[PDB]
Amino acid sequence: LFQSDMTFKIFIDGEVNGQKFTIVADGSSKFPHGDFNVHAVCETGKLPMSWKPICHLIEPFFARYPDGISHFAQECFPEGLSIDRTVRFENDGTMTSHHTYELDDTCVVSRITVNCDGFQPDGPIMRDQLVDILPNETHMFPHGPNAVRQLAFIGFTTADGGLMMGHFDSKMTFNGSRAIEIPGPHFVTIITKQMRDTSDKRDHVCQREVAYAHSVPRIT
Amino acid sequence: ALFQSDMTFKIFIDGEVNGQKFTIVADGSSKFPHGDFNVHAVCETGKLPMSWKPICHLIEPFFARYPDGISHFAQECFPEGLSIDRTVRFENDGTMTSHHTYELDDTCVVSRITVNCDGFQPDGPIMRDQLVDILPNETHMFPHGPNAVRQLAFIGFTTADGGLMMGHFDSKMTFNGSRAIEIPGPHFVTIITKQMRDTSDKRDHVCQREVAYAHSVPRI
Numbered sequence: 007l008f009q010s011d012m013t014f015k016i017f018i019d020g021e022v023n024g025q026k027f028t029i030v031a032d033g034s035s036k037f038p039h040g041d042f043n044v045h046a047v048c049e050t051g052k053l054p055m056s057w058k059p060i061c062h063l064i068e069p070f071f072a073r074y075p076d077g078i079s080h081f082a083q084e085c086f087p088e089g090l091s092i093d094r095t096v097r098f099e100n101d102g103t104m105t106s107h108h109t110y111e112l113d114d115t116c117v118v119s120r121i122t123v124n125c126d127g128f129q130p131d132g133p134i135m136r137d138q139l140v141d142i143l144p145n146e147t148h149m150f151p152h153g154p155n156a157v158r159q160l161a162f163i164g165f166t167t168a169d170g171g172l173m174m175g176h177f178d179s180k181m182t183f184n185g186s187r188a189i190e191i192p193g194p195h196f197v198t199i200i201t202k203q204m205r206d207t208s209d210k211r212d213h214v215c216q217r218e219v220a221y222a223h224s225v226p227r228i229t
Numbered sequence: 006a007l008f009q010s011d012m013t014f015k016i017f018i019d020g021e022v023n024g025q026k027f028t029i030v031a032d033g034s035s036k037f038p039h040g041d042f043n044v045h046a047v048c049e050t051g052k053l054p055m056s057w058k059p060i061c062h063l064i068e069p070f071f072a073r074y075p076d077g078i079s080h081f082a083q084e085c086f087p088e089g090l091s092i093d094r095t096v097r098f099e100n101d102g103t104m105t106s107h108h109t110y111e112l113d114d115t116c117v118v119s120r121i122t123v124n125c126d127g128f129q130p131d132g133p134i135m136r137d138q139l140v141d142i143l144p145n146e147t148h149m150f151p152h153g154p155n156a157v158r159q160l161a162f163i164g165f166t167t168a169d170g171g172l173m174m175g176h177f178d179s180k181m182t183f184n185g186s187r188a189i190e191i192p193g194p195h196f197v198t199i200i201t202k203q204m205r206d207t208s209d210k211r212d213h214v215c216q217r218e219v220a221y222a223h224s225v226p227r228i
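Going down the list, the protein sequences come from chains A and B.
Here the first sequence stands for residues 7 to 64, 68 to 229, where the numbers follow the entry's author numbering.
Here the second sequence stands for residues 6 to 64, 68 to 228, where the numbers follow the entry's author numbering.
1. If contact means a Cβ-Cβ distance below 7 angstroms, which residues of the region 164-175 of chain B contact chain A?
2. Please say whether B:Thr103 and B:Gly127 have beta carbons closer to each other than 8 angstroms?
3. Listed from N- to C-terminal order along the chain, which residues in the region 191-210 of chain B have their beta-carbon within a distance smaller than 8 angstroms of any beta-carbon of chain A?
4. Can you tell which of B:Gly89, B:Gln216, B:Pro154 has its C-alpha closest to the C-alpha of B:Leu7?
5. Looking at chain B, which residues of the region 141-164 of chain A have a Cβ within less than 7 angstroms of any of its Cβ atoms?
6. Starting from A:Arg217, find everything on chain B with Cβ-Cβ shorter than 8 angstroms and list it in chain order.
7. Does B:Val225 come within less than 8 angstroms of chain A when only Cβ atoms are used?
8. Just tell me which of A:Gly51, A:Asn145, A:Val140 has its CA closest to the CA of A:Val30.
9. What are the boundary residues of the alpha helix (DSSP H) that includes A:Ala168?
10. Taking only three categories from DSSP, how would you classify A:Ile92?
11. Taking only the alpha-carbon atoms, compute the straight-line gap between A:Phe165 and B:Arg211 and give it to the nearest angstrom.
12. Throw me the rounded Cβ distance for the A:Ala220 and A:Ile199 pair, which I believe falls under 8 angstroms.
13. Looking at C-alpha atoms only, which residue of B:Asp19, B:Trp57, B:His39, B:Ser79 is the closest neighbour of B:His213?
14. Quick check on this structure: which residue in A:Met149, A:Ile121, A:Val118, A:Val44 has the alpha carbon closest to the alpha carbon of A:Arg205?
15. Based on Cα-Cα distance, which residue from B:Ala188, B:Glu68, B:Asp76, B:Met55 lies nearest to B:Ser224?
16. Thinking C-alpha only, which one of A:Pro192, A:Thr13, A:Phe27 is nearest A:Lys36?
17. Output needed for B:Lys15: all residues of its chain with C-beta closer than 6 angstroms, excluding positions within five of it in sequence on either side, in chain order.
18. Just the C-alpha distance for B:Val96 and B:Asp178, rounded to the nearest angstrom, thanks.
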């Protein structure tokens, strides 16, 4: 069902410290997956915050799993799946988001509402002072009969060669009402990287991401 | 990195849980090249007044197997040694704050720990000792200034009834020397652990072994 090149559209309806902003983005994922790109544009004009922190908002299902481990994100289709995420930033604001993933034959469509409250006007976030997104080892845990929980440490290198840590916490619920196999505790490596377009007179950002799952056996 | 030979270690934990004191002394040895070793700990004050699981991280960053390429801060810290400041917040349960001190005595490293365990839930799986497994995880290492490393991890505990208790691990490793040490870039250290009661022993004596090895992930 994900055995072929695919496409996706992201519609993000968000707000930051009361100020609204919206973003549309889309991209493709060659097969196999776990290495794809996205092109997102802030339709409200210049994004009112560093793009960095939104990297995780603009495709679990496009991460290449090995055989042993089950790809919950994909199994969820066609009935799609929901996502309740949270990311608390150390000494700055936090961003709650709700995700909606609808499949469209070859194109998967997600709708997202994201709140970004309590952000520091002088923090490296509001001041666009984040330069890097540190690669990290995501933590995947079973969660009820139908869910899967994803905990992560997203770090962004600041301008002073400092480090901004985000505490990532995301619940992925399968929409269907049918028996789906939940997988055992594992991890998913996420290496991302975004980039200025320079073509559009508009705030348009390109972000690549490579993601692949893996296990580590218990002591027998 | 004069950890070329084998080592031994003595741990003296001076702790307390929701106001009730308790003390632990442990010792063990690490065969070269380390990253697979055992500790044997016993609760001198008698029966540990809480699950042993949560105190698995108390009973050695330096006995982890690092590959060539990543600086081994923990070992670099010697012979003068290092101290650790750490917090582990447990979901729906209490949190434990500990201060660590490490020094190398010949070929045997000794450490003393103080640890407050507060707000722990009497009816929880920690106080009612219902934790079963220690989920293997990928702890996150970060550079933290000129003479310290930061460690972040998700420590998950299986509950008897197939549930999950999550611990939010946050550890700072400060170098005590008055030299200039080499701080490593963001990397990871895999940590599998297993506990086992030494029944032959009449005291509250639990044995623990863990294998810990580091690695990194290239950027794009």
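Every residue, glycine too, gets a C-beta built ideally from N, C-alpha and C.
For this structure:
1. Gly164, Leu172
2. yes
3. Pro194, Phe196, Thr198, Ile200, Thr201, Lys202
4. B:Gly89
5. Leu143, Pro144, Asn145, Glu146, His148, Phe150, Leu160, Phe162, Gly164
6. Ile228
7. yes
8. A:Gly51
9. Element bounds for A:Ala168: n/a, residue is neither H nor E.
10. strand
11. 48 angstroms
12. 5 angstroms
13. B:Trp57
14. A:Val44
15. B:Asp76
16. A:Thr13
17. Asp32, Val118
18. 6 angstroms
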